[PDB]
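Notes for the structure review
Residue strings, one per chain:
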Amino acid sequence: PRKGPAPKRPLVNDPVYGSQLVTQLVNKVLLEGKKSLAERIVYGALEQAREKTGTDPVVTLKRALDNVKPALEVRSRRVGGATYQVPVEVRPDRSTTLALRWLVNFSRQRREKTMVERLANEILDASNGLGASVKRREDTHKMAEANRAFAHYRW
Amino acid sequence: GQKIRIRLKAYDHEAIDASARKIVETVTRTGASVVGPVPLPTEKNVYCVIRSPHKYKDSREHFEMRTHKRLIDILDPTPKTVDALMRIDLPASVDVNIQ
Amino acid sequence: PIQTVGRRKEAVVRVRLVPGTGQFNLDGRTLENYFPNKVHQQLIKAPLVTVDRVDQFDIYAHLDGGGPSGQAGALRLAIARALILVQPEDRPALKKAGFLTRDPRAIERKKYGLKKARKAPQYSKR
Amino acid sequence: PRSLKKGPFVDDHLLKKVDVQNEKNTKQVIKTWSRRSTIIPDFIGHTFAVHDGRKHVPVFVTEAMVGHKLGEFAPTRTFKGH
Amino acid sequence: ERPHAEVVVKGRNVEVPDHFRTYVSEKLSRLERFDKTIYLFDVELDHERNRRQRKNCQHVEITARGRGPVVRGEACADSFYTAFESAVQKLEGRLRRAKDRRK
Amino acid sequence: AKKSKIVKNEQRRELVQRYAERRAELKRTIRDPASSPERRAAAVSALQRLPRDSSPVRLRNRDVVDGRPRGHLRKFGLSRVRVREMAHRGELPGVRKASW
Amino acid sequence: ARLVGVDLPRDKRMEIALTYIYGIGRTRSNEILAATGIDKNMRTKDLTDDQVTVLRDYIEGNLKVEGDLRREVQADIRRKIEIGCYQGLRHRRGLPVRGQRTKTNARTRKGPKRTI
RNA sequence: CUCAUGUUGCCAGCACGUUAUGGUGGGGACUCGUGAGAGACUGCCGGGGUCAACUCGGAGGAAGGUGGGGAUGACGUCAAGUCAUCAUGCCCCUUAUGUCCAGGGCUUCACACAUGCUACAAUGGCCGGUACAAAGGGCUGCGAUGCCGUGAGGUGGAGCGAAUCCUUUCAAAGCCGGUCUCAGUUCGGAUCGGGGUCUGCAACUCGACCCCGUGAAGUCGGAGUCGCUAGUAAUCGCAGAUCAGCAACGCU
């Protein structure tokens, strides 16, 4: 990208509801091009959410996104014998990307015999304020609090 | 009625179309029923090769011997026309199956 | 008669678009018989969705070539072009979302020295 | 494995020589060049030897050596270790 | 990782009395002494066998692993000793470069 | 490759053209059915009396111009090197560099 | 429960439960099940002494077992190693015997990957 | 995209077979296979811009700012590689370093290096049921249906120099129903002991393949590194030059 960026892709919408955050999620769990498989996994987990909290699953998903979606994060740079971390504001695109990435990949290493359960109950956890996703988000904010001192480079 | 079918084979498209027009002409010379060279497929015998001796298997090249094919169905095979079309002259590049 | 075409990466479909209901018939079956894939159904529906005429225009298809998603894109394409034959006036509001273009993105030639299209062999330095 | 519709591979040289031998009724050490010949129980009397690329090896015969080739009883490669 | 220095000895066609091995293993421990980031050392003996040599009878290439960059040293001489010691010096040049470019 | 080796493959083709015509064929024909005299044929042991060269496994598609016993294309009937060279000189019908 | 020589598990469909005996695999297990006529959607906890006994009679009549099989292999190998076959010599060495790769791989017979 | 072009392939409009079905006449209408030409040329908009290029957002379009990928290696270096594809200057063999012969090897292994795949599982293992791609190969050969074999396999040959015929009217992921219910495990398949098939005169070093029993290491990987910017990567399978049959999981 020494010449300039390319436009970001014309994303699809959710076929059923109309929130493309859903297709963002299914594309980020998509694994070996099995989109309809990941999609029925998705619908099943979302229906678990609906039948387990009486709400529309997309709203509680937004809830969990609001919990774990950061604003400030890290950016490293090797400088002067001790490579420094630097605080950076993080725009909405990368924010959402990173939040969903944490959420998926920490649903992966759970212990529920099945992904439909690991995923869904992890969503419940991040929603109502308990999950390992929230844990790692707090870890990152604490790291930014740590390396506040080095913002002044302004990079 | 009756038919006689020609299946023309060649490698030059210019020349297969040339002899197609010529044969259709000579079929028309008797007022005999003529149809035309229907646009039917062509084989493609392809052969990859390596260029250099003794090594450099990553550098390669391709070659493609096509096979131009044309069907010509002559109706009204008046036996005068049949024995006339048995005796058309052509150059070497084309060959013909008369069946 | 009304007849238009749809082609997406070797996935050809012919179409009969009639002013009846939205009856779908696709080679001796329907959209709920074939296509257990809801994103594909969204693709198949998006032109009638656009014109808000869902269940205003019967469609009859003959599928051949390609796989389900290629056939799906070709289907929605042909349905939109048939809607243009029904009336072109809606066309320049369909380019506003561009549900009309042929997908100019086909599979690539496989190259020599390599493992497929662009995946190179591991440049090993031992 | 040798197919059964074809039967065995008992080759002419030693097959005919051992015909001659059992019709002499006498048994002695007898050399042959064929690793590829299959074994019959009619070889438990004679002693056969085969070449292995360097020289010849003799071998005495047993009941349960049937259905096999003679090369299975010649050492073709020597590896004593490093 | 001191006997972990993966010596690789090689010669395509040269008469090899067993002292080339001695010379080379010792001239490799020579530089093991002062660089601890090393896994493999390939060591090669090659010869042009041309009438009227152009003062290049024996030839040597050496190549060594490292954590990231690798090390590369080529030399050419009339016999074993000038070429081995020359390549050793060129290795030291590459290695001194790399260890000055470490901190 | 070598004159002697091309000569020997040529000899072997002559042998095969002679004897696999019918002599090394009838035994196969009679010994494929399970009505065969195998139980007392000695036709297997008789095919051991024919020369080993009777069998075609000893043949090899060598080029006509060089004798390269490898890299041989039956359609052109040639070593890949000579194939390259001919198509380079433009000396084969309708053959060219293509893409797709 | 107890059988000809292996302690059966509990929560194993019969086709899989019999597979823990040496001379029994999945194909022979299901073949025996088809011969007996019992539903292969069952558990070992719910099995009957009658059925077990007749099964036991059947297999000891028509199928060699653990001990006879180990005995058989021992006999085969002492036989082909006393007549000095090439298989026998490779078994003496401990190297792959069926005409396989030997130089690099076959650690399954060469032991662990012990460095030299 | 306009016109033609009608079978060995489509088959909408029509009439006829009905167990397998475009299967047959009938329409070249849509597809279409094969060829010719228009279409992108910053073509025109208006604000920027030595007013020049160079751009910025537009219309229209199937594509729009070198549509995409291909073919294509400026002069030369690395005395790059091949005197064993081939050609050849010089030196040598000649009673032999030539040459005809069967056997053996190039597959030896206490190890090292490199390339890849098959795995460490529930997105997964197993049976059964349902639909579709592109694509090529073929004659002293590709081989269909029937039946028999567990299954590789089989007498036999219909039809085929082949848009037909062998190529199931061409597939695997996937979908529907149910079980397995997270563990050295219905994961994984090594490895061996035996029962066997085909071709080849000949399956021991040494061939591929089915079946029985076999059930090992492996519980996500170290310092660093490798490849990838779109129909790409990651995954499923197909087809084939060479080839009698094979290590082909390579290569295309």
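Listed as the method for this PDB entry is cryo-EM; the listed resolution is 3.46 Å.

Right, let's get into the overall build of chain G. What chain G contains, in helices and strands, is 6 helices and 0 strands. For chain G, the succession of helices and strands along the chain, N to C, is α-α-α-α-α-α. Based on the C-alpha atoms only, the size of chain G along its principal axes is roughly 55 × 35 × 20 Å. For chain G, the residues scored as buried account for 24% of the 116 residues in total. For chain G, contacts bridging at least 24 residues in sequence account for 44% of all contacts bridging at least 6. Counting every atom, chain G has about 8700 Å² of accessible surface; 45% of that belongs to carbon and sulfur. Computing the positive centroid from 27 side-chain charges and the negative centroid from 15, chain G places the two 17 Å apart.

This next bit is on a nonpolar patch on the surface. Residues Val 38, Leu 40 and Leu 71 of chain B make up a contiguous nonpolar surface patch of about 190 Å² in total accessible area. Tracing the backbone through its elements, the reader meets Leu 71 of chain B in strand β3 (residues 60–75).

Our focus in this paragraph is the sheet that holds strand β1 (residues 4–7) of chain C. Within a sheet, neighbouring strands are paired by backbone hydrogen bonds and run either parallel or antiparallel to one another. All names here are of chain C. Pairing is mixed across the open sheet formed by 4 strands, whose spatial order is β1-β2-β4-β3. Strand pairing shows two members of the sheet lacking a second neighbour, β1 and β3 (24–26), which therefore form its edges. On average, each strand axis in the sheet is inclined to that of its neighbour by 20°, with strand direction left out of account. In this structure, β3 lies alongside strand β4 (residues 58–64), joined through 3 bridges in parallel fashion. Paired with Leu 26 across the two strands is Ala 61, which belongs to β4. Each of β1, β2 (12–18) and β4 touches helix α2 (residues 68–86); the most contacted strand, β1, lies at about 155° to it.

In the vicinity of RNA strand H lie 154 residues, with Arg 8, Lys 95, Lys 115 and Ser 124 of chain C together with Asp 76 of chain G positioned nearest. In RNA strand H, the atoms that sit within 4 Å of the protein are 73% sugar and phosphate, with bases accounting for the remainder. Measuring from a phosphate oxygen of RNA strand H, one finds a side-chain N or O atom of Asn 45 of chain B at 3.1 Å. Sorting elements by how many residues they give to the surface near RNA strand H places β3 of chain B first, with 5 residues. Along the lines of polarity and charge, the residues of the surface near RNA strand H split into 44 nonpolar, 37 polar and 73 charged.

Once that is clear, we can look at the environment of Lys 3 of chain B. Residue and element names in this part refer to chain B. Tracing the backbone through its elements, the reader meets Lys 3 in strand β1 (residues 3–10). In this structure, the C-alpha to C-alpha distance between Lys 3 and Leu 75, residues 72 residues apart in sequence, is 4.9 Å. Once you skip the residues sitting within four places of it in the chain, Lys 3 turns out to touch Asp 73, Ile 74 and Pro 77.

Note on interface size: it is often stated as the accessible area lost on association of the parts. On the chain F side, the residues contacting the 13 residues of chain B number 14 residues. Taken over both partners, the interface formed by chain B and chain F buries close to 1500 Å², and the fraction arising from carbon and sulfur atoms is 62%. At the boundary of chain B with chain F, the tally comes to 2 salt bridges. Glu 61 of chain B is paired through a salt bridge with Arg 84 of chain F; the nearest N and O atoms lie 3.3 Å apart. Remark: the boundary between chain B and chain F carries 2 residue pairs in polar contact. Looking at the side of chain B that touches chain F residue by residue, the class counts come to 6 nonpolar, 3 polar and 4 charged.

This part is about the pattern of salt bridges. Residue and element names in this part refer to chain B. Enumeration according to the criterion identifies 32 salt bridges over all chains in this entry. Residue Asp 73 pairs with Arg 5 through a salt bridge whose shortest N-O separation is 3.4 Å. One end of the pair, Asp 73, is in strand β3; the other, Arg 5, is in strand β1, with 68 residues separating them in the sequence. Given the relative accessible area of 36%, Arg 5 is considered partly exposed.

Let us look at the pairing of strand β1 (residues 6–11) of chain E. Sheet faces and side chains relate simply in a regular strand, where the side chains alternate between the two faces. Residue and element names in this part refer to chain E. Pairing geometry for β1 and strand β2 (residues 40–47), over 6 bridges, is parallel. Within β2, the residue paired with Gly 11 across the bridge is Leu 45. Assessed by its sense of winding, the connection that carries the chain from β1 through helix α1 (residues 19–32) to β2 is left-handed.

Further remarks concern the side chain of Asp 52 of chain D. All names here are of chain D. Locating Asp 52 in the fold gives a position in the loop between β2 (47–51) and β3 (56–59). The charged side chain of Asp 52 is buried without a salt bridge, its nearest counter-charge being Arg 35 at 5.2 Å. For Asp 52, the side chain forms a polar contact with the main-chain nitrogen of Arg 54, separated by 3.3 Å. Filtering out sequence-adjacent residues up to four positions away, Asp 52 remains in contact with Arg 35, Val 57 and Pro 75.

We now examine the interface of chain G and chain D. Counting residues at the interface gives 7 residues for chain G, matched by 7 residues for chain D. Our count for the contact surface shared by chain G and chain D stands at 0 salt bridges. Linking chain G to chain D there are 1 residue pair in polar contact. Among the elements that make up the side of chain G that touches chain D, the one with the highest residue count is helix α5 (residues 86–93) of chain G (3 residues). Of the residues contributing to the side of chain G that touches chain D, the split by class is 3 nonpolar, 1 polar and 3 charged.

Definitions and limits used
Residues numbered from 1 in each chain as written, not as in the entry; some residues may be left out. Chains lettered and ligands numbered in written order. Part of a larger assembly, values for the part shown. Heavy atoms only, no water. Helix = DSSP H or I, 4+ residues; strand = E, 2+ residues; numbered from the N terminus. Buried < 20%, exposed > 50% of the residue type's maximum accessible area, 1.4 Å probe, protein only. Contact = heavy atoms within 4.5 Å. Areas by Shrake-Rupley, 256 points an atom, 1.4 Å probe, with all protein chains shown as cover. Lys, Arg positive; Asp, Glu negative; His and termini not counted. Charge placed at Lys NZ, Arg CZ, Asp CG, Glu CD. Patch = residues over 30% accessible without salt bridge, like charges linked within 9 Å, V, L, I, M, F, W, Y side chains within 5 Å. Salt bridge = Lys/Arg side-chain N within 4 Å of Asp/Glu carboxyl O. Pairing = 2+ DSSP bridges. Axes fitted to C-alpha atoms, helices over the stretch in contact; angles between N-to-C directions. Near = heavy atom within 4 Å. Polar contact = N/O pair within 3.5 Å; in protein donor to acceptor, adjacent residues only side chain to side chain. Nonpolar A, V, L, I, M, F, W, Y, C, P; charged D, E, K, R; others polar. Buried area = accessible area lost by both parts, 1.4 Å probe. Right-handed = clockwise from strand over helix to strand, strands pointing away.

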